[PDB]
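Right, one structure below, let's go through it.
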Amino acid sequence: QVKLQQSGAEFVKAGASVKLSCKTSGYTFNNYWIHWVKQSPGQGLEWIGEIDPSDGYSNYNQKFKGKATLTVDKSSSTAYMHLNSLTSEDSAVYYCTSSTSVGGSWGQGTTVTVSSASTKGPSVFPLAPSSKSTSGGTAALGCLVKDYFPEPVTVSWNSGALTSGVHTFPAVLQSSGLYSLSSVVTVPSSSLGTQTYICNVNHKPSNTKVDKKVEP
Amino acid sequence: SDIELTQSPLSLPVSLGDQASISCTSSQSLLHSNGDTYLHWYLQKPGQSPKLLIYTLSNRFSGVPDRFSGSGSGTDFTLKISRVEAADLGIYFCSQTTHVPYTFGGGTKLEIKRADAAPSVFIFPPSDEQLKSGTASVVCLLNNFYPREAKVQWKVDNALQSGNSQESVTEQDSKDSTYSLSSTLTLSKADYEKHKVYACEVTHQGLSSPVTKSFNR
């Protein structure tokens, strides 16, 4: 069973370096080449380079030469990629891949977030229902979860009990370097003030849990 | 320079059980000196890594369903899915490993087709709680629409707002195959207090003409 097991998420400052790793098993490590691939919103999928573990020979995409360095540790059957002089352009998911010959499976990916920001819990603001949020017999309400770092935050509604019509949107990165996200739900218009609505917000990186009631 | 792979279409709506066909063309021949053509097809599901379906043009990767087939002529390539299932939904990528540097196409999204659904549009003024703190976020919600394409335009006392809003969109809904979208307009408390009419104008294929939702503070 070929398994490629990548290291965990990285959060580093511009100018820093990171060493990502990819532990392999279920094939003869020394007989097949390892590749690394970048996936970013800005550039899609990009091949970084390849390394032959047998003699350590490596070959790069000229776009990443001296940005990225490939090595292996044969005792552990682990591949590594060192990334240096990081910029926000390097914030991406990085995959490690095996040869098509051993199945050409890809690791899970490792997310690298390059940022000056420090850990910060969100403020939670209501998005109250009104006439402005009522299309006939359905009303929308929600929570604005603002100014946190890093991702992620979780949001449930009424302590897991409300899930129908919930939309928790992807976070956006604000020009301040902090994230912001909305979670909304549509409900029967007639339920308002009879049924209470609470958004349960959790931001584990800062240990910030908030239950926020949302009413007209 | 580097080999460019161009995929078509960008987005492919299908109904479950339809046949799907996706195209990839190369700016150079992908025939290697060894006689092989190193053009490969991958499927990436949301939050997952790319998975290899077809390698070297037409070789079905061991354990990939028979309904995936690869074809093509040295520079024009095609992936066919004979009976589309829910497991097949996501982004399909072609890639080439004939010539260094290896390169990828831009992806084709295979999504569920449904009837046009106009968005339900809702606008939320900033909360008094937030105003105390010193910022004003105005949120416009476009709920349960299809197709994905939607234009949101913010107006503050008829001043078209540009560069001071951010949008976010959900993945296609499991049940109803719709999208939802939130757009946040960020102002200072000071600026927010200077104006009266906040308007979110929504342009969508499913609407007669663009709808506007506003409030006056």
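Each chain in the structure tokens gets a letter, A, B, ..., in the order shown, and its residues are numbered from 1; ligands are numbered from 1 in order too.
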
Enumerate as JSON, numbers by chain all residues of range 21-208 of chain A assigned to strand (DSSP E) by DSSP on the backbone, naming them with the chain letters and numbers the document uses.
-> {"A": [21, 22, 23, 24, 25, 34, 35, 36, 37, 38, 39, 40, 44, 45, 46, 47, 48, 49, 50, 51, 58, 59, 60, 68, 69, 70, 71, 72, 73, 78, 79, 80, 81, 82, 83, 92, 93, 94, 95, 96, 97, 110, 111, 112, 113, 114, 123, 124, 125, 126, 127, 134, 135, 138, 139, 140, 141, 142, 143, 144, 145, 146, 147, 148, 154, 155, 156, 157, 166, 167, 168, 172, 173, 179, 180, 181, 182, 183, 184, 185, 186, 187, 188, 197, 198, 199, 200, 201, 202, 203, 208]}

Determine, using only C-alpha atoms, which residues of chain B have any atom at most 6 Å from an atom of chain A, and tabulate each with its shortest atom pair and distance in Å to one decimal place, rows ordered by chain and then rising number, as a Markdown table.
| residue | atom | partner | partner_atom | distance |
| --- | --- | --- | --- | --- |
| B:49 | CA | A:108 | CA | 5.6 |
| B:101 | CA | A:61 | CA | 5.2 |
| B:102 | CA | A:47 | CA | 5.9 |
| B:104 | CA | A:45 | CA | 6.0 |
| B:122 | CA | A:133 | CA | 4.7 |
| B:123 | CA | A:132 | CA | 5.9 |
| B:168 | CA | A:170 | CA | 5.8 |
| B:170 | CA | A:169 | CA | 5.7 |

Store the residues picked out above, limited to N, CA, C and O atoms, as a compact mmCIF listing (two decimals), in the first residue's frame.
# COMPACT_ATOMS: atom_id res chain seq x y z
N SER B 49 -6.50 16.07 -2.55
CA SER B 49 -5.38 16.16 -3.46
C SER B 49 -5.83 15.66 -4.84
O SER B 49 -6.78 14.85 -4.92
N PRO B 101 10.07 22.16 -18.14
CA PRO B 101 9.38 21.86 -16.90
C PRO B 101 7.99 21.26 -17.17
O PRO B 101 7.29 21.67 -18.13
N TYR B 102 7.62 20.29 -16.37
CA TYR B 102 6.28 19.70 -16.45
C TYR B 102 5.25 20.74 -16.12
O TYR B 102 5.52 21.65 -15.36
N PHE B 104 0.77 21.92 -16.11
CA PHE B 104 -0.61 21.58 -15.86
C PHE B 104 -1.54 22.50 -16.64
O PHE B 104 -1.27 23.69 -16.79
N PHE B 122 -30.50 39.75 0.12
CA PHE B 122 -30.71 40.29 1.44
C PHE B 122 -29.56 41.22 1.78
O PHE B 122 -28.40 40.95 1.46
N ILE B 123 -29.88 42.33 2.45
CA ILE B 123 -28.85 43.28 2.85
C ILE B 123 -28.88 43.48 4.37
O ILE B 123 -29.95 43.61 4.95
N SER B 168 -17.32 36.04 -1.28
CA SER B 168 -17.06 34.64 -0.99
C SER B 168 -18.28 33.83 -1.48
O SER B 168 -19.42 34.30 -1.35
N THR B 170 -20.11 29.72 -1.80
CA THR B 170 -20.14 28.34 -1.34
C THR B 170 -19.93 27.37 -2.51
O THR B 170 -20.10 27.72 -3.68

Within 12 Å of residue 171 in chain B, counting only C-alpha atoms, which residues qualify if same-chain residues fewer than 2 places away don't, as a ChimeraX atom specification?
-> /A:167-170 /B:45-47,89-90,109,111-112,144-146,148,168-169,173-181

Would you output that residue set with N, CA and C atoms, as a compact mmCIF listing (two decimals), in the first residue's frame?
# COMPACT_ATOMS: atom_id res chain seq x y z
N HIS A 167 -25.42 28.51 5.51
CA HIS A 167 -24.26 28.68 4.63
C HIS A 167 -23.16 29.38 5.38
N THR A 168 -22.08 28.66 5.64
CA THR A 168 -20.83 29.22 6.19
C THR A 168 -19.81 29.44 5.06
N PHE A 169 -19.60 30.70 4.72
CA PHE A 169 -18.83 31.05 3.53
C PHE A 169 -17.34 30.90 3.78
N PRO A 170 -16.56 30.67 2.70
CA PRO A 170 -15.11 30.76 2.86
C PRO A 170 -14.69 32.13 3.42
N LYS B 45 -11.16 16.69 -6.11
CA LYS B 45 -12.41 16.98 -5.40
C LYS B 45 -12.08 18.09 -4.40
N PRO B 46 -13.07 18.89 -4.01
CA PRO B 46 -12.79 19.96 -3.06
C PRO B 46 -12.14 19.49 -1.75
N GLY B 47 -11.11 20.21 -1.31
CA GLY B 47 -10.29 19.87 -0.15
C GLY B 47 -9.49 18.58 -0.17
N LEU B 89 -17.64 14.44 -9.61
CA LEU B 89 -17.70 15.90 -9.58
C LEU B 89 -16.46 16.52 -8.94
N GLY B 90 -16.00 17.62 -9.53
CA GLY B 90 -14.81 18.33 -9.09
C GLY B 90 -14.09 18.99 -10.26
N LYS B 109 -14.00 22.49 -14.34
CA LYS B 109 -14.97 22.12 -13.30
C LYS B 109 -16.12 21.30 -13.86
N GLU B 111 -19.62 20.12 -12.91
CA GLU B 111 -20.65 20.46 -11.92
C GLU B 111 -22.06 19.98 -12.33
N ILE B 112 -22.97 19.97 -11.38
CA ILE B 112 -24.36 19.56 -11.64
C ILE B 112 -25.15 20.69 -12.28
N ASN B 144 -28.96 30.89 -2.80
CA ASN B 144 -29.49 29.77 -3.59
C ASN B 144 -29.80 30.05 -5.05
N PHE B 145 -28.77 30.40 -5.81
CA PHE B 145 -28.93 30.73 -7.23
C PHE B 145 -28.15 29.77 -8.15
N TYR B 146 -28.50 29.79 -9.43
CA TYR B 146 -27.83 29.03 -10.48
C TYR B 146 -28.11 29.71 -11.82
N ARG B 148 -23.59 29.84 -11.51
CA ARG B 148 -22.68 30.50 -10.58
C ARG B 148 -22.50 31.97 -10.87
N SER B 168 -17.32 36.04 -1.28
CA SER B 168 -17.06 34.64 -0.99
C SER B 168 -18.28 33.83 -1.48
N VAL B 169 -18.03 32.62 -2.04
CA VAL B 169 -19.07 31.77 -2.64
C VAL B 169 -18.96 30.36 -2.04
N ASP B 173 -24.60 23.24 -3.78
CA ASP B 173 -25.36 22.57 -2.71
C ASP B 173 -25.64 21.09 -3.06
N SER B 174 -25.43 20.21 -2.09
CA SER B 174 -25.63 18.75 -2.23
C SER B 174 -27.01 18.36 -2.71
N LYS B 175 -28.02 19.05 -2.20
CA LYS B 175 -29.40 18.76 -2.55
C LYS B 175 -29.92 19.51 -3.74
N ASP B 176 -29.87 20.85 -3.69
CA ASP B 176 -30.50 21.67 -4.72
C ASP B 176 -29.56 22.21 -5.79
N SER B 177 -28.26 21.93 -5.68
CA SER B 177 -27.30 22.27 -6.73
C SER B 177 -27.13 23.78 -6.96
N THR B 178 -27.51 24.59 -5.97
CA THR B 178 -27.35 26.03 -6.04
C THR B 178 -26.06 26.48 -5.38
N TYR B 179 -25.73 27.74 -5.66
CA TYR B 179 -24.66 28.49 -5.04
C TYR B 179 -25.27 29.60 -4.17
N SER B 180 -24.55 29.98 -3.15
CA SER B 180 -24.80 31.19 -2.39
C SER B 180 -23.50 32.00 -2.34
N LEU B 181 -23.65 33.32 -2.16
CA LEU B 181 -22.57 34.29 -2.20
C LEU B 181 -22.81 35.39 -1.13

Name the residues in contact with residue 167 in chain B at a cut-off of 7 Å, using only C-alpha atoms, excluding same-chain residues fewer than 5 positions from it; report them as a ChimeraX atom specification.
-> /B:181-184

Let me see the file: selected residues, N, CA, C and O atoms, as a PDB file, in the first residue's frame.
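Output file selection-v6.pdb is given in full below:
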ATOM      1  N   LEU B 181     -23.649  33.319  -2.157  1.00  0.00           N
ATOM      2  CA  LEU B 181     -22.569  34.294  -2.199  1.00  0.00           C
ATOM      3  C   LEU B 181     -22.807  35.390  -1.128  1.00  0.00           C
ATOM      4  O   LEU B 181     -23.902  35.929  -1.036  1.00  0.00           O
ATOM      5  N   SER B 182     -21.773  35.698  -0.338  1.00  0.00           N
ATOM      6  CA  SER B 182     -21.764  36.850   0.544  1.00  0.00           C
ATOM      7  C   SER B 182     -20.762  37.874   0.038  1.00  0.00           C
ATOM      8  O   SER B 182     -19.666  37.502  -0.404  1.00  0.00           O
ATOM      9  N   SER B 183     -21.157  39.155   0.090  1.00  0.00           N
ATOM     10  CA  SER B 183     -20.295  40.281  -0.245  1.00  0.00           C
ATOM     11  C   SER B 183     -20.314  41.296   0.893  1.00  0.00           C
ATOM     12  O   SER B 183     -21.386  41.742   1.290  1.00  0.00           O
ATOM     13  N   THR B 184     -19.136  41.643   1.392  1.00  0.00           N
ATOM     14  CA  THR B 184     -18.971  42.594   2.481  1.00  0.00           C
ATOM     15  C   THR B 184     -18.352  43.893   1.964  1.00  0.00           C
ATOM     16  O   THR B 184     -17.315  43.868   1.303  1.00  0.00           O
TER      17      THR B 184
END

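CA of residue 124 in chain B sits 6.3 Å away from CA of residue 140 in chain B.
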
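Interatomic distance, CA of residue 101 in chain A to CA of residue 80 in chain B: 23.4 Å.
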
Which neighbours of residue 155 in chain A fall inside 9 Å, counting only C-alpha atoms, when residues of the same chain fewer than 2 positions from it are skipped, and could you give them as a ChimeraX atom specification?
-> /A:143,145,153,157,168,183,199-202
